[PDB]
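Consider the single chain below, provided in structure tokens and representing the form deposited in one PDB entry.
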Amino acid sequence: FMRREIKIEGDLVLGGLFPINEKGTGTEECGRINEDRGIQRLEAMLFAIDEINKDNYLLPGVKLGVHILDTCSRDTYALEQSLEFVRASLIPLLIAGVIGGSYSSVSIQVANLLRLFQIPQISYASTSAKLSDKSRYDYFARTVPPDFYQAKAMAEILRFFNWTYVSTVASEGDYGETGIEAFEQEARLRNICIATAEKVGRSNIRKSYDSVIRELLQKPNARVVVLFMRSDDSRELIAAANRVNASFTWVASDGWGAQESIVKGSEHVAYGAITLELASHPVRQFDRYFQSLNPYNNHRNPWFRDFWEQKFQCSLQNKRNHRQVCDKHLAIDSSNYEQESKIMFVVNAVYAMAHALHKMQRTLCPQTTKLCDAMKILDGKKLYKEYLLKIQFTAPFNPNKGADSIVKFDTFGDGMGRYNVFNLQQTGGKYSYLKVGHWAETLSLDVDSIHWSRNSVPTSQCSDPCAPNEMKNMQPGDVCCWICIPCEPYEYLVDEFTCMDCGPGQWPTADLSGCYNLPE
């Protein structure tokens, strides 16, 4: 009955798309509130717009408005909502550009729509490599890198700990499938075989995941399971593993990332997991802004109440038929809130669009700081090719300027491929993610601080290890599996895969490391 949205007027308006809500189960289209990747990212855009609207050096004289919508984590829904943006270019606010798409699936479908009306789009999280194709997504840019690189980082971590026999599970779609495809290619090149390639799809229930766990279990040697799945799907897989109390060493992509919500209620099953996330640094000024928000001072965000009641398990006078009203002294603070991993990218995205519009206004309107007649009807094509050439220092909210804190784009409209490696620990009774490394162009990580599953650096190879006393390692046709050939009592192991006759007068040591002389 009531489809929510945020509409703030301005001289120029930016559309916004965020998975404020989780995917709806079954018949419903939207589900629970997505706290970190939803509300936080939403408020980060509102935050960025407010700052920009008070910045006398960026778009002074041109107030930015917004038209933010919920994608409910589904491309089809995001697609229907976006229609709102194009009808505008005919109550309806004119869209200069769109900030958004978290899930690659929504960004892509949305990009397919927006290009038809020349509306530039900047995603702050979609990493699918497909999006680098300017022949299909010619009005799309992003402040993040293509998974072409994330897949390498993952394959190089496996190749590091010599995990040559692993299983993979990918989400159906442009995120999971193309990402896992990239990984597989990187795997082959580094002599890593895949035990079993599983994949979950759209509208899947418990049984589809349990069925995945079972198939992973049917590959006992493959103890390391590479994941490239959507956030929600990831949550389902771990919940499925927790049921049959299955346990593997997980290597997940940013879909999982460093979210605690993913492991909540299954912490022991995910313990020791290794996950990747785009290299970022929190935006300090945003912490202040987000923490100051409350149901009393934040009426412009029509999803904040639901947010509030879910984060604190509340109720006021604006909820279902429940119980337990809430403490008017509640507050978002350092004890219950941690800046979402990609906030930095949301702010840089919004700022990139602003800088692009700003340079265009400086150019087409040389007499004032106002939106002159020449820019009354924006040439979206030019805007996008004024936007691609943009280069500026990350919104002031970034210390220094030496750690290459410049926002710009590839010729494909992509950002720089930099990732951080995380390890799910629990040392202090509580479960949390610890940065245990990073990937820029080459892998890097201090193995000593990594807490593994079952306190031992996992082993993930195709065949069982050979018995000492007499077996030799034998490689058949591949470079992952082998057979163990016990040797003759008169042979010793010159090396792991070779048996040699000790020769006359000599006999192998109990150890088989050498030969000793025979008496008598």
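Numbering starts at 1 and follows the sequence shown.
Per the compared records, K328 is resolved in all of the other entries whose models span it, so no third of them omit it. For the cut-off of one third of the other compared entries, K319 qualifies: that many or more give it no coordinates while modelling its flanks. In this entry, no coordinate-free residues of the deposited sequence separate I205 from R206. Two stretches are in play, 499-507 and 11-19, and the higher mean C-alpha B-factor belongs to 499-507. Higher average CA B factor: 259-267, of the stretches 259-267 and 407-415. You'll see in the entry that, of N245, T71, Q150, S128, the Cα B factor peaks at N245. As recorded in the PDB entry, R223 shows the highest C-alpha B-factor of the residues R223, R142, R305, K390. Placement of the Cα temperature factor of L424 within the chain: highest third of the modelled residues, per the deposited record. Residue-level temperature factors show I450 in the highest third of its chain, judged at the C-alpha atom. For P458, the recorded CA temperature factor ranks within the highest third of the chain's modelled residues. In the deposited entry, the Cα temperature factor of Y57 places it in the middle third of its chain's modelled residues. Residue-level temperature factors show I49 in the lowest third of its chain, judged at the C-alpha atom.
Another form, the form deposited in another entry, is not on view; read the next lines as being about it.
When the change between this form and the one not shown is described as the motion of two rigid parts, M344 sits in the other part from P476.
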